[PDB]
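**Q** Take these chains first, placed just as they are in the complex:
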Amino acid sequence: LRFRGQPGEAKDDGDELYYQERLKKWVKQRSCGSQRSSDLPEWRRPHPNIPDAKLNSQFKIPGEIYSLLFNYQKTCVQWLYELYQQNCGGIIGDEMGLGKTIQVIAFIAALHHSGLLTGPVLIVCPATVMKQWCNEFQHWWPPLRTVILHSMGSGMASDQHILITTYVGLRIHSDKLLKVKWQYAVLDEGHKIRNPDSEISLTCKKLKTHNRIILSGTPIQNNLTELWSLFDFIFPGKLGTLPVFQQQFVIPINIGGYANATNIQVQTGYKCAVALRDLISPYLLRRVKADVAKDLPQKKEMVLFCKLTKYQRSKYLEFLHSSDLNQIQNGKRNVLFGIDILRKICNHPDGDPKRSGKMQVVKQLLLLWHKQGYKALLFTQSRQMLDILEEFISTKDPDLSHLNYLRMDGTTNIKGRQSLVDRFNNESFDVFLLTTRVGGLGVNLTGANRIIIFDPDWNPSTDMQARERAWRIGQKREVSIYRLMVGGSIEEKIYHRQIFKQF
């Protein structure tokens, strides 16, 4: 169905058939010259990469990549090498920013030469992340035939060694490409899947092969709540799967683990979690910054205690008194909106900042730092709020946007996004409003000196991710985190709820 009708669809049929067969647009843009089997005769002359692992006695990983690996990565890759030789999975729990992609590649270098793994290898990560990785696979080890599985018709058409693709691509066509002669498979950050009830989790399970490995920036200390679903892939024949765990460990964990108000203790639930957790010793790999983070400041944090005004206090209570949410019934639109509304009494209200204690706290802190000359981040998880905060600092109090304010929208591509990061870190800009998700992207704003959280996420360990970007190694000034919490409001209820996750 297209406005142009069948005449337009005939054109679509042209390209459609071409995607399945050979599309000249695709041939010119992402095939001819891109390390294809007909190109590799030219590319492998620069990179014949003779595997030291097979060539030289007593070697496990080839020097071409091994010498690019850091001493700790060298160690971890050798550990992974052995996991493959043991026919088992594992968790590459190396801390964020240390690098794991090259470790996978170093491992692969050895696989198809010392391991004789001449067949297909599956690697999955985000599309822009793959733009980078595609070049890395191509320039690091082309002896393994490069196949990039981007799209359905054309991607699937390349049914041949190393397979490069994405999570979007998995939803585009992984139901067709199942068990495609995979000799080794690895997924990037395991928490790109994380959700136990997702279709991604089901997809991850579907991706079955000889040896299944997942990379991650997290540990197994107490993240089992979601690791149970990652175990489906990583340890299908070592620990079991999520639905097993749902009855095996989850039942006693849920019964006692939340400080049960009757007769069951947390320790019992914990002990069950321990029984599973501590099985993953020889399969857990972890590089730590204890021997890397040699030049950075103290990771400081605190919580602000903002009180409600007569106006605010009266209105969030009035909503609760007049809306009668429990007769509407619970989980309904206005009931659930109430959860956000009771927070919006200070985030909005619709409404000069004189009616909001939070807007007044932010005002005072930024004007202090205005004279201090400190760079600062604002932290907010909402576009409606991103613009409301901008209206606060531009239509209600212009001088706060006049402190060299900067912000990413997301519609801007990576070229512009990178310049936004650079703009804040360099003297050009002093204030930037940041969201956890762009913290995930790579917005490493270490130039910041002070950070105000206007409206955080509902999980301290995700707030952490944004903070880690702000605290990247190489930073030369101390940065304190200021959580703007409003006393008596639902923000404290939210505060304690997200603590319960961290707890």
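**A** The structure has been received and is ready for your questions. Residues are numbered from 1 along each chain as shown, chains lettered A, B, ... in the order given.
**Q** could you pull out the strands for chain A?
**A** Counting by DSSP state E, chain A has strands at residues A:90-92, A:121-124, A:146-148, A:162-165, A:184-187, A:212-215, A:284-285, A:299-307, A:376-380, A:405-407, A:431-434, A:450-455, A:479-487.
**Q** do you know which of those strands lies nearest residue A:342?
**A** Evaluated over these, closeness to residue A:342 peaks at strand A:479-487, with 9.8 Å, by CB to CB. For every residue, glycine as well, the C-beta is placed using N, CA and C.
**Q** Dump the strands of chain A to JSON lines, plus distance to residue A:59 and mean neighbour count.
**A** Shown next, in JSON lines, are these (distance: least, CB to CB, whole Å; neighbours: other CB atoms under 10 Å):
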{"stretch": "strand A:90-92", "distance to residue A:59": "21", "mean neighbour count": "25"}
{"stretch": "strand A:121-124", "distance to residue A:59": "20", "mean neighbour count": "24"}
{"stretch": "strand A:146-148", "distance to residue A:59": "24", "mean neighbour count": "23"}
{"stretch": "strand A:162-165", "distance to residue A:59": "21", "mean neighbour count": "24"}
{"stretch": "strand A:184-187", "distance to residue A:59": "19", "mean neighbour count": "24"}
{"stretch": "strand A:212-215", "distance to residue A:59": "21", "mean neighbour count": "24"}
{"stretch": "strand A:284-285", "distance to residue A:59": "20", "mean neighbour count": "18"}
{"stretch": "strand A:299-307", "distance to residue A:59": "40", "mean neighbour count": "14"}
{"stretch": "strand A:376-380", "distance to residue A:59": "47", "mean neighbour count": "26"}
{"stretch": "strand A:405-407", "distance to residue A:59": "49", "mean neighbour count": "19"}
{"stretch": "strand A:431-434", "distance to residue A:59": "45", "mean neighbour count": "24"}
{"stretch": "strand A:450-455", "distance to residue A:59": "47", "mean neighbour count": "23"}
{"stretch": "strand A:479-487", "distance to residue A:59": "44", "mean neighbour count": "20"}
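**Q** could you also fit chain B onto it:
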Amino acid sequence: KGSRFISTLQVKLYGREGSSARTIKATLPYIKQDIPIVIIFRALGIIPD
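**A** Adding chain B to what we have so far:
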């Protein structure tokens, strides 16, 4: 007594003495069958005719 019930017992006189009126049966609380009064008398602790 906070109930009232306004319930009822039925006494059935079965037509005519030529056949069916031979007996009288009563509809009793939660009972599936109508029961002859002589059975009821036994239940009442009453034996002698």
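**Q** Show me which parts of stretch A:22-37 are buried, residue by residue.
**A** Using 16 or more other CB atoms under 10 Å in any protein chain shown as the test for burial, stretch A:22-37 gives A:23, A:26, A:30, A:31, A:34, A:35, A:36.
**Q** how long is it end to end?
**A** In stretch A:22-37, first residue to last residue: 16 Å (CA to CA, to the nearest Å).
**Q** Please state the offset of it from the chain centre?
**A** 31 Å (CA atoms, centre = their mean, to the nearest Å).
**Q** for the buried residues of stretch A:22-37, which one is nearest residue A:100?
**A** Nearest member of the buried residues of stretch A:22-37 to residue A:100, counting by CB to CB, is residue A:35, at 22.2 Å.
**Q** Next one: that closest one from residue A:368, what distance?
**A** Applying CB to CB, to the nearest Å, the value for residue A:35 to residue A:368 is 56 Å.
**Q** Equivalent analysis for residue A:485, please.
**A** With distances taken as CB to CB, residue A:485 is found 19 Å from residue A:368.
**Q** Now do the same contact list for residue 23.
**A** By default, I'm working from chain A. Applying CB atoms under 8 Å, 6 or more residues apart in numbering or on different chains to residue A:23 gives the contacts A:15, A:154.
**Q** nope, chain B
**A** For residue B:23, the contacting residues are B:14, B:36, B:37, by CB under 8 Å, 6+ apart.
**Q** I'd like to know which of these are part of helices.
**A** Mapping the contacts of residue B:23 onto helices (DSSP state H) picks out residue B:37.
**Q** If we only consider the contacts of residue B:23, which is nearest to residue A:108?
**A** Nearest to residue A:108 among the contacts of residue B:23: residue B:36, at 94.1 Å, using CB to CB.
**Q** show me where chain B has strands.
**A** In chain B, the segments counted as strands under DSSP E are B:10-13, B:24-27, B:35-36.
**Q** Quick one: closest of the ones you listed to residue A:4.
**A** Using CB to CB, the nearest of the strands of chain B to residue A:4 is strand B:24-27, at 80.1 Å.
**Q** extra chain here, label it chain C:
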Amino acid sequence: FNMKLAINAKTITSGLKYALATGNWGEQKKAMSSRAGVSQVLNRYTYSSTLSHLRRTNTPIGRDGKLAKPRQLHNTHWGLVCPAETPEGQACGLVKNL
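**A** Putting chain C onto the chains we already have gives this:
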């Protein structure tokens, strides 16, 4: 203790209110023992228009398509209700007046 009592207070106050307001004395969920024949509002056009409400009595119904035996004047009605004061039509004997 003092929380469940608040629930009850609302429930009683508004529940009793509501039931009479709708004129149904059951669960209010569907055909729950309607008492629409009982609940109504004061007819205010004159003095006797209110006296009408005093004397009018809501009799039980014989559904539609039924009148005489009941409705038909019985001589035990003598002296208790006024046989002249009966509304005509569907209400013919439905409403009695003392």
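**Q** Show the contacting residues for the nearest residue to residue A:216 once chain neighbours are set aside.
**A** Once flanking residues are discounted, residue A:216 sits nearest to residue A:190: 4.2 Å by CB to CB, 6 or more residues apart in numbering or on different chains. Counting by CB under 8 Å, 6+ apart, residue A:190 touches A:91, A:214, A:215, A:216, A:218, A:227, A:230, A:234.
**Q** do that again at 10 Å, thanks
**A** Neighbouring residues of residue A:190 by CB atoms under 10 Å, 6 or more residues apart in numbering or on different chains: A:91-93, A:204, A:213-218, A:223, A:226-227, A:229-231, A:233-234.
**Q** swap in residue C:98?
**A** C:54, C:55, C:56, C:57, C:80, C:81, C:82, C:85.
**Q** Same check on residue A:222?
**A** Contacts of residue A:222 by CB under 10 Å, 6+ apart are A:270, A:273, A:277, A:502, A:503.
**Q** which of the residues you listed lies closest to residue C:31?
**A** Out of those, the member with the shortest distance to residue C:31 (by CB to CB) is residue A:503, at 51.6 Å.
**Q** Return the longest helix in chain C, judged by number of residues.
**A** Secondary structure assigned by DSSP H gives helix C:4-22 as the longest helix of chain C.
**Q** With just CA atoms, put that helix into CSV.
**A** Output of helix C:4-22 as CSV, limited to C-alpha atoms (Å, rounded to 0.1, in the frame of the first residue of the first chain):
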residue,chain,number,x,y,z
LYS,C,4,-10.7,0.6,57.7
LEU,C,5,-13.2,2.7,59.6
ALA,C,6,-12.7,5.6,57.2
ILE,C,7,-13.4,3.2,54.3
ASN,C,8,-16.5,2.0,56.0
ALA,C,9,-17.6,5.6,56.8
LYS,C,10,-17.4,6.6,53.2
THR,C,11,-19.0,3.4,52.1
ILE,C,12,-22.0,3.9,54.5
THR,C,13,-22.5,7.5,54.0
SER,C,14,-22.3,7.5,50.2
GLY,C,15,-23.6,4.0,49.8
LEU,C,16,-26.9,4.6,51.6
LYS,C,17,-27.1,8.0,49.9
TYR,C,18,-26.5,6.5,46.5
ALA,C,19,-28.9,3.6,46.9
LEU,C,20,-31.8,5.9,47.8
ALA,C,21,-30.8,8.3,45.1
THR,C,22,-31.1,5.7,42.4
